[PDB]
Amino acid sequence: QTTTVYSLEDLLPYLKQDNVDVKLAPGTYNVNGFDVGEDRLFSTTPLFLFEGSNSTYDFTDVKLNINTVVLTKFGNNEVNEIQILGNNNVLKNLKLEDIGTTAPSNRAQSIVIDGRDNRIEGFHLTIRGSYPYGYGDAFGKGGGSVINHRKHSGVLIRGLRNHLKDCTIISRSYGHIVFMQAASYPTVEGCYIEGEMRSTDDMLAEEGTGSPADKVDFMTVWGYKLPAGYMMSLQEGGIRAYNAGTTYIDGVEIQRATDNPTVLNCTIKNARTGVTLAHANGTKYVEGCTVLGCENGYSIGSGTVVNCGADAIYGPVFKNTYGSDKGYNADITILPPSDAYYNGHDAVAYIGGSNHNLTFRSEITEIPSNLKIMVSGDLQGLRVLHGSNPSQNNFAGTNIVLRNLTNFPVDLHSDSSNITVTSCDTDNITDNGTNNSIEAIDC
C-alpha cells in the first residue's frame, strides 16, 4: 500500500494528492541554492506544501539538509520549508537540518501546520539562519525595531487539532522555537525544545567594536539601555501562544486567537519562555513538563499547570502575565539548578490577578539571596523596568492560595490582599498587604 520514492523530485507530486501512503527512502537529501528556480526542483515556497488530505509520509532514516541560502532565493518573501494545508495527515521521523547561518531575505518559519487533525511525529529539526543573531529581542521583535530583524522560527502550529508529538526541535536562530497562531485545540506532546543563552554583560562588552548594538549605544526597544546582570535566550519562546493569527482549513481563511492549547510531557531548555499560553483562550492545560535555564518558566494566564517543574537560574519559574489573570491553578516544582545562577529578575515567582491556587515544591536548600516569591510589587524583570510593558508589572493580587512547600522567602507587597499563605517557614515571609493569612506547615 506504500509507494516508495528515491528523490525529492519524485516525492513532490504526491503532496498534491489525497489518500496516499508514501515513503521517502532512507538516505541523505540536500537542497542547495541551485535547486531553487523556474526549471529547478523548487520553483515556489513553501518548499514542501502538503495540500492533500488523509495521507501518511514516512521519513525514517531520511536526513534532509537545507542550505540556509535558500531563505534568500525567493525575493522579499517569507520562506517556509514545510507547510501542511490538508487534513488528517501524518508526517513521521524526518531529520531536517538547516545548513549554515545565512539570514532570510525577509523571514522564515521551518514548519507551518494549517488544516485539521494533522500530526508531525518523531522529527528532529535544527533551525539556523536569522538576523540579528546574538541579542534576543532587546533591539526589537516586531515593528518599530531598533535593529531590523530577519526572524526564523521553528514550528508554527495553526489550524484545528494539530499535534506535534515526540519531536526534538533545536534552535540556533532568532525566532520562536514552537509557537501557536490561530490554532484551535493544538497539542504539543513529548517534545524536547532547546535554544541557547547569552548574558547581557557579554552583549554590553561589544562596546567600542562597531557592532549593531554598539552603534545604537545598546538602547533597547524597552526604552532604556540594556541592563547588565541578566541571561537572555537567543531564541524567542519555547512554546508560545498568540491571541491572533491566520489559518486555512478546508478552503476557509480564518483569523482568530489560539484556543484550548494542551502541552504534555515536554522539556524546554534555554528559551525566552518555557510555556507561555496567557494569550490563548479556552482551556489551557500543561502537565508533566520540565523547563530548564529559560528566562521564564510558566505563564498560562488561567487554567492548569500540574506535575511540572522549572529551575530558576535565569528567571522566575512562574509569572502571572497581567492583573487580569484569573483562575491560574499551578503545582510547580522548583528544580535543582541546571547551571550557575544568573537571575537578574530578583524573583523566583511573580504573582498577581485573582482566584489562583498555587503550590510550589522544592528540595533546594541553598536559596540565592536575591530570589523570593513575590505577591504584587515591582518586579525587576528585564523587559518591565522603568514603566516598560506596564500592564505586565506592578499589579494587585487578591484571593490567592499560596502553598509554599519550599525554603524560598515570600514578600507580600502592599497591593496584595486576601492571600492565604502556608509555608515551611514563616520567619522569612514579609507581609505588607491587607487581610493576608500566614500559617506554618511541618516540612
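Don't overthink the numbering: it's just position in the shown sequence, from 1.
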Original post:
Mean CA B-factor: is it higher for 108 to 116 or for 361 to 369?
Top reply: 361 to 369
Original post:
Of 38 to 46 and 370 to 378, which one has the bigger average CA B-factor?
Top reply: 38 to 46
Original post:
Looking at 399, 392, 60, 54, which has the highest CA B-factor as recorded?
Top reply: 54
Original post:
Among 276, 255, 173, 321, which carries the highest Cα B-factor?
Top reply: 255
**OP:** Report the third (lowest, middle or highest) to which the CA temperature factor of residue 74 belongs, ranking only the modelled residues of the same chain.
**Re:** highest
Subject >> Record-listed C-alpha B factor of residue 31: chain third >> reply: highest
**OP:** Would you check the entry's CA temperature factor for residue 93 and let me know if it's in the chain's lowest, middle or highest third?
**Re:** lowest
Subject >> Third of the chain's Cα B-factor distribution that residue 80 belongs to, per the entry >> reply: middle
**OP:** Compare the C-alpha B factor of residue 244 with those of the other modelled residues in its chain, then answer lowest, middle or highest third.
**Re:** highest
